[PDB]
């Protein structure tokens, strides 16, 4: 599914993302925008290290979810990567919460550093009722 901006903002809020580990909803929205364009079906294969990024938050198969075909996988979310390609994002959200429980927090995603950090991100949630 491709979410509309404010539909995703309200969904994330209901799923407990606002302020999770200190991360505002706008920061989560900026992450999702730049990782996938709000698209749950997004996948990106990294030929260099043989891992794949899955779903709306582009969660990687070396450290977080298991796809069976990535060398040196850890499966820290204890989830099949296929769960991150569903239209329902509850499993993706649970795994993203797990990612940010590590010290780096949302900096785990490079796209957040490039596109979101130290920038005005209020635009992503304006007018959404959140």
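Using the numbering of Swiss-Prot, the residues shown for chain A are 19-148, in order.
Just so you know, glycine gets a Cβ as well, placed from its N, Cα and C.
Here is what Swiss-Prot records for this protein:
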DOMAIN    19-148  domain 'C-type lysozyme'
DISULFID  24-146  disulfide bond
DISULFID  48-134  disulfide bond
ACT_SITE  53  active site
ACT_SITE  71  active site
DISULFID  83-99  disulfide bond
DISULFID  95-113  disulfide bond
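On the structure: features taken from Swiss-Prot.
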residue: 24; record: disulfide bond; Cβ contacts under 8 Å, 6 or more apart: 143, 145, 146, 147, 148
residue: 48; record: disulfide bond; Cβ contacts under 8 Å, 6 or more apart: 130, 133, 134, 137, 139, 142
residue: 53; record: active site; Cβ contacts under 8 Å, 6 or more apart: 60, 71, 74, 75, 76, 127, 129
residue: 83; record: disulfide bond; Cβ contacts under 8 Å, 6 or more apart: 72, 77, 93, 95, 97, 98, 99, 101, 102, 113
Task: disulfide-bonded residues (95, 99, 113, 134, 146), the one with most neighbouring Cβ atoms at 10 Å - done: 99
Open item on the list: Test of understanding: give the count of other CB atoms lying within 10 angstroms of the CB of residue 71 (active site).
Closed with: 22
Task: the domain 'C-type lysozyme' (19-148) - residue tally per DSSP class, helix then strand then coil - done: 50 helix, 16 strand, 64 coil
